[PDB]
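I have placed the structure first, in the form of structure tokens, so that the comments after it can refer back to it.
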There are 2 protein chains.
Amino acid sequence: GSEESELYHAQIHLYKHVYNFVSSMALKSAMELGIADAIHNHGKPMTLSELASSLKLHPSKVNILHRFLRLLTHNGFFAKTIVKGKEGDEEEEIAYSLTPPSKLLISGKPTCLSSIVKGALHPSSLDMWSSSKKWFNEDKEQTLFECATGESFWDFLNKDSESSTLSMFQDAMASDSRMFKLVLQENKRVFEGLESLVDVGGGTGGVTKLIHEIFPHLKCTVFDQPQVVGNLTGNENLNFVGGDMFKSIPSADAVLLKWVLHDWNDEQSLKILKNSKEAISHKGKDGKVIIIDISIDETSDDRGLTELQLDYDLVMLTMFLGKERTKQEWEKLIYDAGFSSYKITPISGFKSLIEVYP
Amino acid sequence: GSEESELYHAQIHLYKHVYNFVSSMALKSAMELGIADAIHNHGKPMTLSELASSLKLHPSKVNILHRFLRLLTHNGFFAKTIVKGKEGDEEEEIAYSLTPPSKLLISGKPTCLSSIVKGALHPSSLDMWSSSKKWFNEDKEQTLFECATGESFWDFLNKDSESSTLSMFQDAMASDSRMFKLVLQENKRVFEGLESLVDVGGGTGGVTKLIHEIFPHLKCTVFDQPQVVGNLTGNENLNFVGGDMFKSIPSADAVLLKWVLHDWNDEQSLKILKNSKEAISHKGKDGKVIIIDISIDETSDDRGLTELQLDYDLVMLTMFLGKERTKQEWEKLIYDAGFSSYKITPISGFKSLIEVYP
Ligand SMILES: Nc1ncnc2c1ncn2[C@@H]1O[C@H](CSCC[C@H](N)C(=O)O)[C@@H](O)[C@H]1O
Ligand SMILES: Nc1ncnc2c1ncn2[C@@H]1O[C@H](CSCC[C@H](N)C(=O)O)[C@@H](O)[C@H]1O
Ligand SMILES: O=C1c2ccc(O)cc2O[C@H](O)[C@H]1c1ccc(O)cc1
Ligand SMILES: O=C1c2ccc(O)cc2O[C@H](O)[C@H]1c1ccc(O)cc1
């Protein structure tokens with residue numbers, strides 16, 4: 001009946017999702033335009049003309065800059081303000097100021113995420129979607145990227161004709177790992193009362209080095225495969241140890257599992273977690289395991305956060321056929337391991353730091 | 001100080017925008033997968049397996065279907081439910097049901113928008129974004145599509161090697177104009193008390209035909225250029241008249257300006273509006289002008305709607321260098337024309353029907 005009526009808010013819901021990609025493209029444009037850097041360097045609200053002047057735009061592109069700015073401002077990446085104006089011409093003009101979100105676009109700052117936005121929205125990241133239909137209906141098990149190009153993402157980046165793309169990718173990854181320092185500074189409480197720590201899968205020690213920049217007195221042990229640690233000797237508080245995390249992990253007050261469980265199924269992840277609990281048993285109820293990975297909480301009140309996490313989960317699937325765990329999956333893993341409780345702390349926009357206790 | 005601290009919710013805001021495109025790709029996948037049609041045809045909640053069965057997916061793609069479904073469900077395009085299960089195997093399974101938004105994906109229904117979602121998210125609509133940086137920094141005034149391909153969007157669609165793309169585009173346009181019928185049925189109040197109506201730029205009469213399907217007694221006059229109307233004769237309530245809307249418009253109780261002012265600057269739009277007021281003067285304070293176009297209300301409480309409108313405005317700019325007016329621009333136009341008041345009614349998700357009064 002009147003149900004057939006009301007072209008509902010169903011139509012508006014449908015359309016908002018159809019055109020959501022635009023918000024991503026507008027943001028991408030803001031970083032490639034270097035708007036944040038221009039405003040930051042001006043050290044004061046910038047006018048449309050001043051900004052157009054700083055970007056050395058052709059007069060015909062000014063109105064395009066304006067359109068992108070209006071949308072970005074509405075989306076909270078810039079704040080509009082009012083300024084007077086020099087000379088006897090003109091009258092009253094609007095100026096633009098950065099906001100916390102856009103300040104993350106200021107290059108040369110430990111907080112700059114420009115490289116990640118550039119790569120996550122590079123043609124090599126997005127063009128494959130045109131092969132989505134063919135991807136669902138084929139008999140071949142492969143990533144969406146492989147279905148669209150015929151080669152894995154990694155092989156693509158390592159082609160001579162993709163030299164710059166690979167460097168773009170490694171810039172983003174290096175920038176991402178760098179953000180871990182911010183995580184440490186922002187959650188000192190987590191490592192504060194520790195005397196020792198073992199960085200599992202710590203490789204050559206890059207992560208423990210950041211850890212030391214914040215906690216120079218913490219005794220850290222970089223645990224990894226015999227071939228990775230090999231020679232590497234340390235200092236008073238730096239230690240390198242080789243072994244197999246599936247058999248055992250060096251004892252310490254805390255065990256760090258940074259982006260480790262991510263690459264393992266439940267069976268393998270449980271064994272690591274169990275060896276982790278055993279590596280801290282000596283410390284009793286004072287020991288702890290620190291997991292740094294993504295946790296998708298569907299029952300979360302922040303629908304937007306969960307959506308972003310799920311979005312990112314869909315990228316992992318299409319690009320690598322990878323996966324991220326939900327809060328539940330984590331809980332099942334944590335308790336199956338024998339731990340008593342746990343606490344999740346949101347970090348880096350949508351990642352999670354999990355404190356697990358015996 | 002501690003301001004430097006807090007990697008704020010700035011990071012989460014930044015990332016939510018980076019990955020917004022995923023929601024658009026997931027929706028696109030839902031339509032190409034024909035999920036809505038499969039559920040609709042089943043006439044009852046469908047299980048993951050049943051749905052995988054209906055789509056004839058290779059067993060390895062089932063888990064991919066599941067991942068897309070989880071995200072789409074979170075985004076409100078499907079609703080999760082619980083069903084029992086036949087035979088002695090199994091236990092308890094989740095089923096999926098459509099929601100108002102996904103029902104707009106059921107093909108063969110006057111409400112189907114599948115074709116629009118397909119085109120708006122086709123490679124020909126999205127791939128050009130890789131040329132955005134070059135587009136801002138060049139000296140040539142052209143659309144982003146022209147900058148990326150070297151040819152206008154229209155010329156592209158009319159190439160022999162793009163035969164199917166053009167038909168895809170015309171399917172969406174035909175589907176869009178068809179939705180106008182829903183607008184009429186949903187806003188009878190607007191045309192109810194009218195005796196006569198003049199459809200300006202009505203072409204060969206396609207719009208007046210839909211109008212008659214709902215108001216068979218309304219005397220309609222299809223006004224357009226002499227060459228367009230030409231021969232065309234009508235009936236008792238159908239009338240064809242040729243002329244120049246910039247010089248004058250046939251008198252009637254109401255003047256319909258459906259997607260007309262959109263293609264004209266303020267100077268030309270004002271003249272049309274003035275001729276429109278004169279075409280209804282005879283009816284006095286009872287006459288009205290009906291404008292069907294987009295109106296972007298920045299001060300609107302529905303931030304999401306404005307964003308969508310701005311998003312769509314950015315597509316018009318990149319694809320055609322076109323533009324949409326804001327509520328203010330409309331008000332300035334309406335009053336400069338001499339009208340007393342106006343009312344805006346939201347239609348088709350993000351469009352607007354404007355009632356203007358003398
Ligand atoms: N059996 C095993 N025991 C210990 N480390 C192992 C292992 N098998 C693989 N690895 C290690 O797994 C590591 C994954 S890299 C994980 C990321 C890292 N913690 C960071 O912060 O960047 C590699 O360094 C690899 O050498
Ligand atoms: N001076 C003029 N007077 C009347 N119509 C004109 C005109 N110049 C152009 N047009 C008409 O402008 C129309 C734009 S098409 C507008 C869309 C139409 N009302 C719909 O509902 O689809 C064309 O049909 C064209 O013939
Ligand atoms: O940061 C990311 C990213 C950065 C640059 C690039 O060119 C592609 C990308 O893909 C994703 O968008 C994302 C990513 C995250 C983790 C990972 O291991 C791989 C990619
Ligand atoms: O519906 C639209 C659309 C449909 C199919 C297609 O292949 C491209 C498109 O571009 C936009 O996404 C949108 C549009 C709207 C009005 C218009 O005049 C042109 C395009």
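So you can find residues: chains in the structure tokens are A, B, ... in the order shown, residues in each start at 1, and ligands are numbered from 1 in order.
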Might you pull out every residue within 10 Å of range 88-93 of chain A, with only C-alpha atoms counted and same-chain residues fewer than 4 positions away left off, and present them as a CSV table (one decimal) with N, CA, C and O atoms, in the first residue's frame?
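Saved result, result-v9.csv, follows:
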```csv
chain,number,residue,atom,x,y,z
A,47,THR,N,43.8,33.3,1.8
A,47,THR,CA,42.6,33.7,0.9
A,47,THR,C,42.7,32.8,-0.3
A,47,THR,O,43.7,32.2,-0.7
A,48,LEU,N,41.5,32.7,-1.0
A,48,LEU,CA,41.4,31.9,-2.3
A,48,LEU,C,42.5,32.3,-3.3
A,48,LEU,O,43.2,31.5,-3.8
A,49,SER,N,42.6,33.6,-3.4
A,49,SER,CA,43.6,34.2,-4.4
A,49,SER,C,45.0,34.0,-3.9
A,49,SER,O,45.9,33.6,-4.7
A,81,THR,N,36.9,31.4,7.4
A,81,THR,CA,37.0,32.6,8.3
A,81,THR,C,36.8,33.8,7.4
A,81,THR,O,36.7,33.8,6.2
A,82,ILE,N,36.8,35.0,8.1
A,82,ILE,CA,36.6,36.3,7.4
A,82,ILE,C,37.8,37.3,7.6
A,82,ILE,O,38.1,37.6,8.7
A,83,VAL,N,38.3,37.8,6.4
A,83,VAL,CA,39.4,38.7,6.5
A,83,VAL,C,39.0,40.0,5.7
A,83,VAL,O,38.1,40.0,4.9
A,84,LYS,N,39.7,41.1,6.0
A,84,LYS,CA,39.4,42.4,5.4
A,84,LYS,C,39.9,42.5,4.0
A,84,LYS,O,39.1,42.3,3.0
```
TODO: Can you pull out every residue within 9 Å of residue 64 in chain A, counting only C-alpha atoms, but drop anything in the same chain fewer than 3 positions away, and send it as a PyMOL selection string?
DONE: (chain A and resi 60-61+67-69) or (chain B and resi 136+317-318+321)
Per-residue nearest contacts chain A to ligand 4, cut-off 12 Å, using only C-alpha atoms and all ligand atoms, as a tab-separated table:
```
residue	atom	partner	partner_atom_place_in_ligand_line	distance
A:15	CA	ligand 4	1 (O)	10.1
A:18	CA	ligand 4	12 (O)	8.6
A:19	CA	ligand 4	12 (O)	7.9
A:20	CA	ligand 4	12 (O)	11.5
A:21	CA	ligand 4	12 (O)	11.0
A:22	CA	ligand 4	12 (O)	10.4
```
Residues of the last selection are to be written out with C-alpha atoms, as a compact mmCIF listing (two decimals), in the first residue's frame.
```txt
# COMPACT_ATOMS: atom_id res chain seq x y z
CA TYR A 15 23.00 7.71 -3.52
CA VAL A 18 27.22 5.64 -4.71
CA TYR A 19 29.08 8.95 -4.50
CA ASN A 20 31.10 8.35 -1.34
CA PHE A 21 34.19 7.84 -3.52
CA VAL A 22 34.16 11.56 -4.28
```
TODO: Mind listing the alpha helix (DSSP H) residues of range 178-316 of chain B, per DSSP on the backbone, as an NGL selection string?
DONE: :B and (178 or 180-186 or 188-192 or 206-214 or 226-229 or 266-279 or 303-316)
Per residue of chain B within 6 Å of chain A, record the nearest atom pair and its distance in Å to one decimal, counting only C-alpha atoms, with rows in chain order and ascending residue number, as JSON lines.
```
{"residue": "B:10", "atom": "CA", "partner": "A:101", "partner_atom": "CA", "distance": 4.4}
{"residue": "B:11", "atom": "CA", "partner": "A:349", "partner_atom": "CA", "distance": 4.7}
{"residue": "B:12", "atom": "CA", "partner": "A:349", "partner_atom": "CA", "distance": 3.8}
{"residue": "B:14", "atom": "CA", "partner": "A:101", "partner_atom": "CA", "distance": 5.6}
{"residue": "B:16", "atom": "CA", "partner": "A:308", "partner_atom": "CA", "distance": 5.4}
{"residue": "B:17", "atom": "CA", "partner": "A:24", "partner_atom": "CA", "distance": 5.3}
{"residue": "B:18", "atom": "CA", "partner": "A:24", "partner_atom": "CA", "distance": 4.9}
{"residue": "B:20", "atom": "CA", "partner": "A:20", "partner_atom": "CA", "distance": 5.6}
{"residue": "B:21", "atom": "CA", "partner": "A:21", "partner_atom": "CA", "distance": 3.7}
{"residue": "B:22", "atom": "CA", "partner": "A:311", "partner_atom": "CA", "distance": 5.6}
{"residue": "B:24", "atom": "CA", "partner": "A:18", "partner_atom": "CA", "distance": 4.9}
{"residue": "B:58", "atom": "CA", "partner": "A:139", "partner_atom": "CA", "distance": 5.4}
{"residue": "B:100", "atom": "CA", "partner": "A:10", "partner_atom": "CA", "distance": 5.3}
{"residue": "B:101", "atom": "CA", "partner": "A:10", "partner_atom": "CA", "distance": 4.4}
{"residue": "B:123", "atom": "CA", "partner": "A:130", "partner_atom": "CA", "distance": 5.9}
{"residue": "B:130", "atom": "CA", "partner": "A:123", "partner_atom": "CA", "distance": 5.9}
{"residue": "B:139", "atom": "CA", "partner": "A:58", "partner_atom": "CA", "distance": 5.4}
{"residue": "B:308", "atom": "CA", "partner": "A:16", "partner_atom": "CA", "distance": 5.4}
{"residue": "B:311", "atom": "CA", "partner": "A:22", "partner_atom": "CA", "distance": 5.6}
{"residue": "B:349", "atom": "CA", "partner": "A:12", "partner_atom": "CA", "distance": 3.8}
```
Open item on the list: List as a PyMOL selection string the protein and nucleic acid residues near range 267-273 of chain A, meaning an atom at most 7 Å away when only C-alpha atoms are counted, but skip any in the same chain fewer than 3 places from it.
Closed with: chain A and resi 245-246+261+264+276-277+333+337
Open item on the list: Using DSSP secondary structure from the backbone, list all strand (DSSP E or B) positions within range 169-264 of chain A, as a list in words.
Closed with: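 The strand (DSSP E or B) subset of range 169-264 of chain A is residues 196, 197, 198, 199, 200, 219, 220, 221, 222, 223, 224, 238, 239, 240, 241, 242, 254, 255, 256, 257 and 258 of chain A.
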TODO: Could you pull out the residues sitting within 9 Å of ligand 1, using only C-alpha atoms and all ligand atoms, and write them as a PyMOL selection string?
DONE: chain A and resi 177+180+199-208+223-229+242-249+256-263+292
Generate the output file for the selected residues, C-alpha atoms, as a JSON list (two decimals), in the first residue's frame.
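Result saved to selection04.json:
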```
[["chain", "number", "residue", "atom", "x", "y", "z"],
["A", 177, "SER", "CA", 55.82, 2.13, 10.93],
["A", 180, "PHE", "CA", 54.28, 3.65, 15.90],
["A", 199, "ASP", "CA", 59.80, -8.03, 20.61],
["A", 200, "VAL", "CA", 58.67, -11.17, 18.76],
["A", 201, "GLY", "CA", 59.34, -11.09, 15.04],
["A", 202, "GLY", "CA", 61.36, -7.96, 15.76],
["A", 203, "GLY", "CA", 63.56, -8.59, 12.74],
["A", 204, "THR", "CA", 66.75, -6.54, 12.80],
["A", 205, "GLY", "CA", 65.41, -4.41, 15.65],
["A", 206, "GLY", "CA", 63.75, -1.41, 13.98],
["A", 207, "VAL", "CA", 60.77, -1.49, 16.34],
["A", 208, "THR", "CA", 62.81, -1.97, 19.51],
["A", 223, "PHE", "CA", 63.42, -12.30, 19.09],
["A", 224, "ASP", "CA", 63.21, -13.64, 15.55],
["A", 225, "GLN", "CA", 64.41, -16.45, 13.28],
["A", 226, "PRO", "CA", 68.08, -17.52, 13.54],
["A", 227, "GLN", "CA", 68.79, -16.27, 10.01],
["A", 228, "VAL", "CA", 67.31, -12.82, 10.70],
["A", 229, "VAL", "CA", 69.10, -12.00, 13.96],
["A", 242, "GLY", "CA", 67.23, -16.39, 17.54],
["A", 243, "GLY", "CA", 64.65, -19.16, 17.64],
["A", 244, "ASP", "CA", 61.19, -20.39, 16.70],
["A", 245, "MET", "CA", 58.24, -18.58, 18.24],
["A", 246, "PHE", "CA", 56.12, -21.69, 17.70],
["A", 247, "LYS", "CA", 58.37, -23.66, 20.05],
["A", 248, "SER", "CA", 59.16, -20.94, 22.59],
["A", 249, "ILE", "CA", 59.66, -17.24, 23.32],
["A", 256, "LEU", "CA", 55.11, -7.63, 22.21],
["A", 257, "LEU", "CA", 53.28, -9.08, 19.21],
["A", 258, "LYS", "CA", 53.35, -6.19, 16.76],
["A", 259, "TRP", "CA", 51.57, -7.11, 13.53],
["A", 260, "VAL", "CA", 52.51, -10.75, 14.07],
["A", 261, "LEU", "CA", 49.27, -12.66, 14.66],
["A", 262, "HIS", "CA", 47.90, -10.83, 11.63],
["A", 263, "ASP", "CA", 49.76, -13.16, 9.26],
["A", 292, "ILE", "CA", 49.25, -4.59, 18.00]]
```
TODO: Please identify all polymer residues within 12 Å of residue 331 in chain B, counting only C-alpha atoms, omitting same-chain residues fewer than 2 positions from it, and present them as a PyMOL selection string.
DONE: chain B and resi 266+270+295-297+325-329+333-344+354-356
Task: From B:173, B:232, B:35, B:220, residue lying nearest ligand 2 [only C-alpha atoms and all ligand atoms] - done: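 Checking each of B:173, B:232, B:35, B:220 against ligand 2, counting only C-alpha atoms and all ligand atoms, the winner is B:173.
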Open item on the list: If I take CA of residue 214 in chain A and CA of residue 286 in chain A, how far is one from the other in Å, to one decimal?
Closed with: 21.6 Å
- [ ] Would you mind telling me which residue in B:275, B:143, B:125, B:300 lies nearest to ligand 2 when using only C-alpha atoms and all ligand atoms?
- [x]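 For ligand 2, the nearest of the candidates is B:275.
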Open item on the list: Report, in Å to a single decimal, how far apart CA of residue 287 in chain A and CA of residue 231 in chain A are.
Closed with: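 Computing the Euclidean distance for CA of residue 231 in chain A and CA of residue 287 in chain A yields 29.4 Å.
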- [ ] Measuring atom to atom with only C-alpha atoms and all ligand atoms, identify which of A:251, A:42, A:324, A:3 is nearest to ligand 3.
- [x]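 Of A:251, A:42, A:324, A:3, the one nearest ligand 3, counting only C-alpha atoms and all ligand atoms, is A:324.
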TODO: Could you check how far CA of residue 54 in chain A sits from CA of residue 38 in chain A, in Å to one decimal?
DONE: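 Between CA of residue 54 in chain A and CA of residue 38 in chain A the gap is 6.7 Å.
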